[PDB]
Structures are given as structure tokens and as C-alpha cells.
Amino acid sequence: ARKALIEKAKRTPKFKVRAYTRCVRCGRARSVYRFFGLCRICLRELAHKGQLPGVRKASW
Amino acid sequence: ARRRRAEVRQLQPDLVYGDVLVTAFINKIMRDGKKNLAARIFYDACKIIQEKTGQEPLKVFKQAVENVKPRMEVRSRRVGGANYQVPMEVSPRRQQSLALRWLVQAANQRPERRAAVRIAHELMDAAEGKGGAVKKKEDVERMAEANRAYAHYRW
Amino acid sequence: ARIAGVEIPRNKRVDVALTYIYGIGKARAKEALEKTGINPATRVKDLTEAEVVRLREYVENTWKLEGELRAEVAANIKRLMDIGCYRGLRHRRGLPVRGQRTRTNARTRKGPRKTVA
Amino acid sequence: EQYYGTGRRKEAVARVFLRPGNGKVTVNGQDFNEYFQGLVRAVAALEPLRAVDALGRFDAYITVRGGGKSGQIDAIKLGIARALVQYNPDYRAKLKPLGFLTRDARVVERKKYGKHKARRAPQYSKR
Amino acid sequence: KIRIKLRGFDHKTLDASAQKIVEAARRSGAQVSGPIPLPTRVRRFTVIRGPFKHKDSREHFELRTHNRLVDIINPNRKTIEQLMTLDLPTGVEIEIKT
Amino acid sequence: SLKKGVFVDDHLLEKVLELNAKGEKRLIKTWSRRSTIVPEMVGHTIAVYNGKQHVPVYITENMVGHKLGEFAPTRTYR
Amino acid sequence: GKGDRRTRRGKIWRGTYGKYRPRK
RNA sequence: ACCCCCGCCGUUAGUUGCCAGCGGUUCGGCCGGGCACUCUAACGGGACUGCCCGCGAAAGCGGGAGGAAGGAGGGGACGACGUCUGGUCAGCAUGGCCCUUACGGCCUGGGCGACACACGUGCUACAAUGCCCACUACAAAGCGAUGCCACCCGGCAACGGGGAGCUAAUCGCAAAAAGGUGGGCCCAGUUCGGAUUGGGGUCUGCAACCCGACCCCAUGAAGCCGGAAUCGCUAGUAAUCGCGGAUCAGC
RNA sequence: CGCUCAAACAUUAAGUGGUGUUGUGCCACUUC
Ligand SMILES: [Zn+2]
């Protein structure tokens, strides 16, 4: 229930209730930023990677 | 503080009496930052002064804190394991921390309902001495007297 | 004066006096004073003879309270007990009935702590 | 004719319009003592006026905004000081020393992460 | 009589095109207000630094958005054309109304 | 808690509305512990599921505004 | 108190307004 | 140290603000009007033990003036060679290993929320520096187009209907709360404390029994400041008061 | 209030014992 799990969040054959956000890259269901479509873990990487437009290290 | 002596913190003078002792004790009645309460309480106390005694409020306030002002406290010194209570002098900037505080206690021990009248009537008995705040001074002073035995560790 | 048949609120705010009445609180106390137009300030020791009668005839006749109310509460529970439902099994054992905590807390309907371990 | 300075304090900034006259002190409308009803911290604002004896000779229409109530009075201090030092540069020799022309950068420091209140670590444990 | 909104993620490139706009416009017809530096939105998304049970020492970034405004009273037939063959942004956003 | 259209599942009403046609028995396998007891399903004995099995429980007149799940515990120890 | 479900000092904590808090 | 925020000033800008300046005013920054200031957000300036004196071999230290800011101005970003054979193969990657009408796939439902009990972390308090209620006032940084919902109506209310504007420094979440003023309560297990429970009720969502959030009546508990021990903070800190956001149909 | 006990708990990385304090009848030694 890892592989097949990802292909379940693209179908939505039943109620909209059973719909949830899924990490595009990895496949996590927890900590998925509705802005990126990524999970807290990797979007951090792709944030070290500068492959994320605009996204920059912040300090104040 | 192990590095520097840590210079004492200077607070701003009163806004009605212009004195660095008044506000020094105000923030002492102050709880959680509500500087207003303790201030109002304080003055409503000095209004009790001018009603009970024809004296001037700040006068009975200067003489009150002075009375509950510890001359010689008792502290603890370590001399090779053994742990005594070596008495000695009370730093001139401690007498002021304590005294202003030691009125706070007994005024919060009073049966009186309103807070103004607990610091008012208490400061009217501190300048007298018979107050139950000075009875927190007379006590610690006794602990030093009776301990004047182990005085040869006065450092 | 005995208002709830046997309950006697006296010597205090007439509005708050009705609070100690089983079935009356802080919302029904502001209602009976406005339907009989009575002073919510004056104490109970001093009011019209027709006012003790006024609130006694009204209040004790407006709805259910006192002991006949507690009476029904027990029954309502005794109905959750008889057939034996879930919102019944929670009275029947004494645990909380809102699916709350039981692994910790819940001492309100679990009594004092028992330890043993 | 006019005097002006610019004093700030914790987001709460304040302008200062000085004009020769009575002792009138209107701040964004609002009578002076009125806009600080029941606030002992008030009377501290008009401090740079008794250090110059020109309290009963100068009105002043203030325009403060931002921050809380008590912090504002601090943005009126820096302002009244800069206003009576502009049209009067000589009052500065005996003004700055007593302490009246300083920003005072004491600001609520950012809350840290791993804390509730920046300098507030979760009640430690070990059991 | 004409307004334009410049949104972007890099104020360096955004400010260069904001200034680029004034040169052509002004110096060919209409009175034109300089670059108006509008308030700055910032999307700060904080995240747990570690990949597991390490709720602390985390790391957070921000997605700054720079917004600048410029107006141009008269849309000169000489400027309308002066603002189509000289405009070469990149990762910038622009909008035009009336 | 719902108020308009007291919720339920149609299947169960399906297999029971035929029981009101010629009043036969009162037996049926169910899975909708969610649904609401019908004031018209009085006297039947439904078997409600709880993750473990089916519990045959009789319905009366007092219990109506409740659900089947109430009369079908899920915690082995009641 | 702040833990009250029927006071001004309560509704200012539970987010809700209800009867005991100004509204349209 | 080179970077960012906050402190002082100036340049560039005037759909943010301003009877400051005058004119009209439904006397509301609402119209004209203006860039001053406030602000907004970019560019730079500034502070280098530089100046004075004292101490000193130098480095450096102590004192004073100027100054918005001194001796690192407050705050962040930044964590070495390695250690913990620390953590995670369940985020992903990945050698080895086992399963393969199955250790894989589906679904409804249950469960992860079970309670004789124990620890960590928490919130609310046990009240007169307070509880309650009315009126009245002041933030920052943020977030919002089947989302934020102005205002009108019903309703005790949660809410619903009607409907304006808003992809937003233009509309909206928006009352900030404690504060201020007036009022009540008058030391009581209380108008403290709101745990628990009965009844009625609203909304999201196929569906709230197991298990949701919230409203009203009612019921109103342990609780009168906490043993051993133990916890945080050197200043706008602790404490104390609020507000929003990520996650989300809701919680 | 003092005195004896079997536990819950607290002191230590851990163990042990001790002890602290409630409950009950009236720092030492050690970690194969
Ligand atoms: Zn990922």
C-alpha cells in the first residue's frame, strides 16, 4: 500500500470527502504544501536546489 | 553574572513625586506588567494618609521603608563541606530591594479587601514600626545576632 | 421564602437567589423578574407579600424544576440503560459519554484515583 | 512661526506641529488628557516643555499613529524634542544630555523557533 | 489615463524594467510618474529541517513579491508604439488597464 | 447531528419496506451502523455489524431517534 | 475566566461569538 | 567579516497619507488640490578605539565629548576534523533477504480515540491587582475571487436567506485583548471555578453511534495556590494580553 | 506530631541500596 496508494489520489471515483493532497515527487500524504504540491521534506531540497522560482533562504 | 559587575539598572523618576524610590517599589506591586494598577493603588494609599494622618504621604513613605530596612542579614558560606549561615552586611542596593519588597508581603497579608488600603495602612505602620512588615525585618535581624558566633567568616 | 416548594432563597440579590434553585440559573433569573417586573436589586428579606406570591405562583407554575426535573433526568438515563445503547453503556459503567479520554484524566466520572500496580 | 520634528517608537510614529499660543494640546482631534483618560504614563509626554519653561506659551497639534497606547507617549517625547530643537538649535546643549534625543531601539525581539516566546524553552524534563 | 502593474520575484530585474519604462515614455510625449514602490507581500513557509522526529532547528524561506506602479497621463500614439518594441522583460509580470 | 431529511442508507429501507408489504419475519444482515432507526421499523430484529460480527438486537418504541451503532458496541468488554 | 462557555471572557478565547458577543 | 531585519539621515516615487496650505464640505482626507511630512520600498550615507584624556611595550583596556546609534549597537543566516556503530531504509533513493491466486489489489465496517493504572508536555484556575456587564480607544505582520463576505431581514444564538464590492497598500477576515469610564457582586466553595451530564439546536460533509465543531436552557464538580523534587529568563527579557497564518470540506 | 511497613512517586545515564515526601498502623557501591 505505497505504490498503489499514489494512483488512488488521481482517480476520485467516490465522494469528494475521500480526496486528499498528495506529494507530487515522493508520495507522502502528510505535510503537502497546497502551494507547491510537494512535501515538507523534498521542497526543502528543491529549495537548496534553487529549482524553485523566487524561493530563497530567509532571515530576519 | 560571572564576567562583569553588572551595573545597577536606573529606573525613571515618579510622575507625581519625581523619586527613583517610589517607582522602584511601584513595579514591585506591579503584576504581569499592569503598571497602572500598582500606581493607582499607590496613590489611593497616599490619599488614605492625608485622611488618617495630617502628615504628607511621601513622608510616611520615606520613613516606612526605612524602618523595614535590614541592617545585617544572614547568608550561607561554604567552608569545606560544612554549611553554616554566616551573617554580615546587607549591600546598600539590597536594603532597597528587600525593604520595598518586605512591605509588599505584609500588605498582601492584611485582611483588608481593597489593595490600596493594604499598602496604605501598612505603610502607616511601617513608619511606626509596629507593622507586620517590619515584623519581617526585626526577625531576620535576630537571625544575624544569634549567629554572630560564626562571624569570623565575614569575607 | 420557600419558592421551589422546599427551596428557600433568602437574604441576597433576588435575581441570584433563584440560582440556588435546582433548575434555575443566570438566564431564567433575568426572565422571572421581567415577566413579573420585579426589582433585580433589592434583597429577598424585603418585598411585597403579593410578590413572594407573585414569583411563587409564576415560577413554580411556568415549567419543570425542583425535584420533578431531576426525576426525569434519572429516567432519561434509565431509558439509555434498559435497552442498553452506547449513550447508555456510559452511564451504566460511569465513564464519560462523549468518547473523551479514559487512558488519562476522566476522574470526574471515574471517582478518586485507585493506583494498584 | 511653526516648529516640527519626527519621533518614533515601536511602529508607533508621531508628527509634531508647534504653534505659539496658549497651552492647547490637540492630538488627532481629541482633547489631550481625554485621549489618555486614566493613564499615569501620560504626564511624561510634556517633559521637554518644563525643561524650557515654554509649556504655557506653546500649543501643539500632534499627529501620532500606530502601536499601542502607552508606547505612543514615547513617540511624542522624541517629537516635541525635535520640534523645539529645530527652530531652536541652542536648546540642544542642555537637552540631549538630560536624554531626550534618542530613538530608543528597545523593541519586542522576534520570537524564535523551538520556543513559545523567543526566550522561552519548553518546560524541560528528563523523567 | 493609463495604469500598469509590475509584479515579480526579483526586485533587481523588476526595478530595471520599471525604470526602463519611464525613459521611453517620458522622452517621447507624456508626463509620466516615476516608479511607485508599492508594499511588499511575502509568503514565508516554515518547515521542519530534519526528515524525522526533529521538531526544532528547522528552516524557513520566503517568496517575496515586489510590486511597482507607474502611470502615464497621455497614451501618445508615439508612446503606444514606443511600448511594444522596446519592452523585453523576462521573469516579470505586467498588466495594463484604462 | 442533522435535521432536514433524517439520514440513512436506501438499501436497508429496501429490504425492510418489502417486510412491511406482507409482514414476514424480521431478520436481515446489515452494515449501516451509521443510519438512523426508522420509527416504522418497529418490532424487527436487525443484525448490526461492529468489525467483529453481527449482533441480533430487537427494536422497540423508545429507541428511534438513535442509530444502530448505539445498540452495537465496538469495544469487546461491555 | 477564559475556560467559560457562557461569558465575555470565554467567547474571546473559543473564537466563537454566539449570544454573549456583539454581532449583526 | 562579505547577506538580511531593526535603530538615524538623505536621494529616487506619490491612487498610502495630509484643512500641514487655501478653497467647497452631506464638515467623513469626502471634492479640488499638493509631495511637505507619515508611510511605503529600493539606492546609499553613517561608527573606523576615529576624536580627548588616563593606563600600556604593542595589542588592548578604562573614562569623556560629538552622535540616532559606540568598542561586536540589538537580532537573525552561517555550525569545523569528527564523536555519538546517534535517527531514519516508513519521504525517496538503494545492496542483501522473504512473499507472489499470495507478506500483492479491492471494498464496507471496525480500529489507530479501547482503561483498575503510571510519566512528559500542556491549558483553565482555584478569584478583590478580581469576577461580571455597557459604552469607548490604540497594533504589527499577514491572509482572501465557487475564498474574504459590507449592509438589510429573521433568529436568544451557532446560522440561514438576500445581496454590494474584491485576483486586493483600493473591497474583506477587522471587534485586537488587557486597557478607559460607569454599574453590580462584597469574601462566600461564591455573579470565584466551568469539569461533568440531561434536553433542544446549527453547519461542514455521501454519513458525525463508535468519534466532529459550535449555540441555548439546565446541571454546575475536583478545586481555598499545590510534597519530594523540578522548570524558564540577564531587558523590551520574564511574565502578562491579544491577533493571524501554514495544515483543512470540517476538526 | 513522632514511630514501624508494603507500594505509587521523586534523586541517578542505569542498577542497587539509601533517602526525600506522600501513602500505612498509631550521596554510597555496581554496571557481565
Ligand atoms: Zn517529497
# chains A, B, ... in the order shown; residues from 1 in each chain; ligands from 1

call {"tool": "residues_near_ligand", "arguments": {"ligand": "ligand 1", "cutoff": "9 Å", "atoms": "only C-alpha atoms (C1' of nucleotides) and all ligand atoms", "output": "list in words"}}
result
residues 23, 24, 25, 26, 27, 28, 31, 32, 37, 38, 39, 40, 41, 42, 43, 44 and 45 of chain A; 91 and 92 of chain H

call {"tool": "residues_around", "arguments": {"residues": "segment 101-110 of chain D", "least_positions_apart": "5", "cutoff": "10 Å", "atoms": "only C-alpha atoms (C1' of nucleotides)", "output": "MDAnalysis selection string"}}
result
(chainID A and resid 60) or (chainID D and resid 7:11 74:75 77:82 85 92 95:96 117:119) or (chainID H and resid 5:8 67:69 73:76 235:237)

call {"tool": "closest_residue", "arguments": {"among": "E:28, E:57, E:79, E:85", "to": "chain H", "atoms": "only C-alpha atoms (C1' of nucleotides)"}}
result
E:57

call {"tool": "interface_residues", "arguments": {"of": "chain H", "to": "chain F", "cutoff": "8 Å", "atoms": "only C-alpha atoms (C1' of nucleotides)", "output": "PyMOL selection string"}}
result
chain H and resi 108-110+114+207-210

call {"tool": "atom_distance", "arguments": {"atom1": "atom CA of residue 90 of chain C", "atom2": "atom CA of residue 6 of chain G"}}
result
26.3 Å

call {"tool": "interface_residues", "arguments": {"of": "chain H", "to": "chain A", "cutoff": "12 Å", "atoms": "only C-alpha atoms (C1' of nucleotides)", "output": "number ranges by chain"}}
result
H: 3-6, 75-78, 90-93, 103-107, 204-207, 246-250

call {"tool": "residues_around", "arguments": {"residues": "residue 87 of chain H", "least_positions_apart": "3", "cutoff": "10 Å", "atoms": "only C-alpha atoms (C1' of nucleotides)", "output": "NGL selection string"}}
result
:E and (50-54)

call {"tool": "interface_residues", "arguments": {"of": "chain D", "to": "chain B", "cutoff": "7 Å", "atoms": "only C-alpha atoms", "output": "list in words"}}
result
residues 40, 43 and 44 of chain D

call {"tool": "write_last_selection", "arguments": {"atoms": "C-alpha atoms", "output": "mmCIF file, in the first residue's frame"}}
result
data_model
loop_
_atom_site.group_PDB
_atom_site.id
_atom_site.type_symbol
_atom_site.label_atom_id
_atom_site.label_comp_id
_atom_site.auth_asym_id
_atom_site.auth_seq_id
_atom_site.Cartn_x
_atom_site.Cartn_y
_atom_site.Cartn_z
ATOM 1 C CA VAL D 40 -0.466 57.813 34.647
ATOM 2 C CA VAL D 43 2.067 63.383 32.019
ATOM 3 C CA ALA D 44 5.546 62.186 30.986
#

call {"tool": "residues_around", "arguments": {"residues": "residue 20 of chain G", "least_positions_apart": "4", "cutoff": "10 Å", "atoms": "only C-alpha atoms (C1' of nucleotides)", "output": "MDAnalysis selection string"}}
result
(chainID G and resid 5:12 16) or (chainID H and resid 156:157)

call {"tool": "atom_distance", "arguments": {"atom1": "atom CA of residue 49 of chain E", "atom2": "atom CA of residue 115 of chain D"}}
result
15.4 Å

call {"tool": "select_by_dssp", "arguments": {"residues": "chain A", "states": "alpha helix (DSSP H)", "output": "PyMOL selection string"}}
result
chain A and resi 3-6+42-48

call {"tool": "atom_distance", "arguments": {"atom1": "atom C1' of residue 127 of chain H", "atom2": "atom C1' of residue 193 of chain H"}}
result
8.5 Å

call {"tool": "residues_around", "arguments": {"residues": "residue 98 of chain C", "least_positions_apart": "3", "cutoff": "10 Å", "atoms": "only C-alpha atoms (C1' of nucleotides)", "output": "list in words"}}
result
residues 87, 90, 95 and 101 of chain C; 211 of chain H

call {"tool": "write_last_selection", "arguments": {"atoms": "N, CA and C atoms (P, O5', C5', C4', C3', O3' and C1' of nucleotides)", "output": "PDB file, in the first residue's frame"}}
result
ATOM      1  N   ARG C  87     -24.730   5.359  24.234  1.00  0.00           N
ATOM      2  CA  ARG C  87     -25.011   6.532  25.055  1.00  0.00           C
ATOM      3  C   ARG C  87     -25.765   6.109  26.310  1.00  0.00           C
ATOM      4  N   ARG C  90     -22.529   4.142  28.934  1.00  0.00           N
ATOM      5  CA  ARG C  90     -21.572   5.082  29.523  1.00  0.00           C
ATOM      6  C   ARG C  90     -22.051   5.606  30.882  1.00  0.00           C
ATOM      7  N   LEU C  95     -18.313   5.804  32.907  1.00  0.00           N
ATOM      8  CA  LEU C  95     -17.297   6.512  32.137  1.00  0.00           C
ATOM      9  C   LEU C  95     -17.921   7.693  31.388  1.00  0.00           C
ATOM     10  N   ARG C 101     -11.383  11.226  26.910  1.00  0.00           N
ATOM     11  CA  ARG C 101     -10.215  10.488  27.384  1.00  0.00           C
ATOM     12  C   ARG C 101     -10.563   9.525  28.514  1.00  0.00           C
TER      13      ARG C 101
ATOM     14  P     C H 211     -15.125   5.888  20.555  1.00  0.00           P
ATOM     15  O5'   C H 211     -15.270   7.231  19.714  1.00  0.00           O
ATOM     16  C5'   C H 211     -15.991   8.347  20.230  1.00  0.00           C
ATOM     17  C4'   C H 211     -15.631   9.618  19.505  1.00  0.00           C
ATOM     18  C3'   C H 211     -16.815  10.451  19.026  1.00  0.00           C
ATOM     19  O3'   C H 211     -16.444  11.828  19.021  1.00  0.00           O
ATOM     20  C1'   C H 211     -15.551   9.733  17.161  1.00  0.00           C
TER      21        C H 211
END

call {"tool": "interface_residues", "arguments": {"of": "chain G", "to": "chain H", "cutoff": "6 Å", "atoms": "only C-alpha atoms (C1' of nucleotides)", "output": "list in words"}}
result
residues 3, 4, 18 and 19 of chain G

call {"tool": "write_last_selection", "arguments": {"atoms": "N, CA and C atoms", "output": "PDB file, in the first residue's frame"}}
result
ATOM      1  N   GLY G   3     -11.918  29.801  30.492  1.00  0.00           N
ATOM      2  CA  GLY G   3     -12.437  28.477  30.203  1.00  0.00           C
ATOM      3  C   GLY G   3     -13.952  28.366  30.263  1.00  0.00           C
ATOM      4  N   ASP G   4     -14.643  29.504  30.329  1.00  0.00           N
ATOM      5  CA  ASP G   4     -16.107  29.520  30.413  1.00  0.00           C
ATOM      6  C   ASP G   4     -16.770  29.489  29.038  1.00  0.00           C
ATOM      7  N   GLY G  18     -21.395  33.825  19.363  1.00  0.00           N
ATOM      8  CA  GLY G  18     -22.630  33.405  19.995  1.00  0.00           C
ATOM      9  C   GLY G  18     -23.433  34.560  20.559  1.00  0.00           C
ATOM     10  N   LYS G  19     -24.355  34.234  21.458  1.00  0.00           N
ATOM     11  CA  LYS G  19     -25.243  35.218  22.068  1.00  0.00           C
ATOM     12  C   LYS G  19     -24.488  36.209  22.948  1.00  0.00           C
TER      13      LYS G  19
END

call {"tool": "residues_around", "arguments": {"residues": "residue 12 of chain C", "least_positions_apart": "2", "cutoff": "9 Å", "atoms": "only C-alpha atoms (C1' of nucleotides)", "output": "PyMOL selection string"}}
result
chain C and resi 9-10+14-17+41-45

call {"tool": "write_last_selection", "arguments": {"atoms": "C-alpha atoms", "output": "PDB file, in the first residue's frame"}}
result
ATOM      1  CA  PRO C   9     -33.552  31.549  48.688  1.00  0.00           C
ATOM      2  CA  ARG C  10     -33.092  34.444  51.125  1.00  0.00           C
ATOM      3  CA  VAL C  14     -33.266  38.289  44.430  1.00  0.00           C
ATOM      4  CA  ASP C  15     -32.051  37.548  40.892  1.00  0.00           C
ATOM      5  CA  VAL C  16     -29.106  35.478  42.102  1.00  0.00           C
ATOM      6  CA  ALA C  17     -31.247  33.868  44.799  1.00  0.00           C
ATOM      7  CA  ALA C  41     -31.574  44.581  43.126  1.00  0.00           C
ATOM      8  CA  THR C  42     -33.462  44.623  46.436  1.00  0.00           C
ATOM      9  CA  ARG C  43     -32.932  41.578  48.644  1.00  0.00           C
ATOM     10  CA  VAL C  44     -35.482  38.856  49.422  1.00  0.00           C
ATOM     11  CA  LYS C  45     -35.977  39.874  53.057  1.00  0.00           C
TER      12      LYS C  45
END
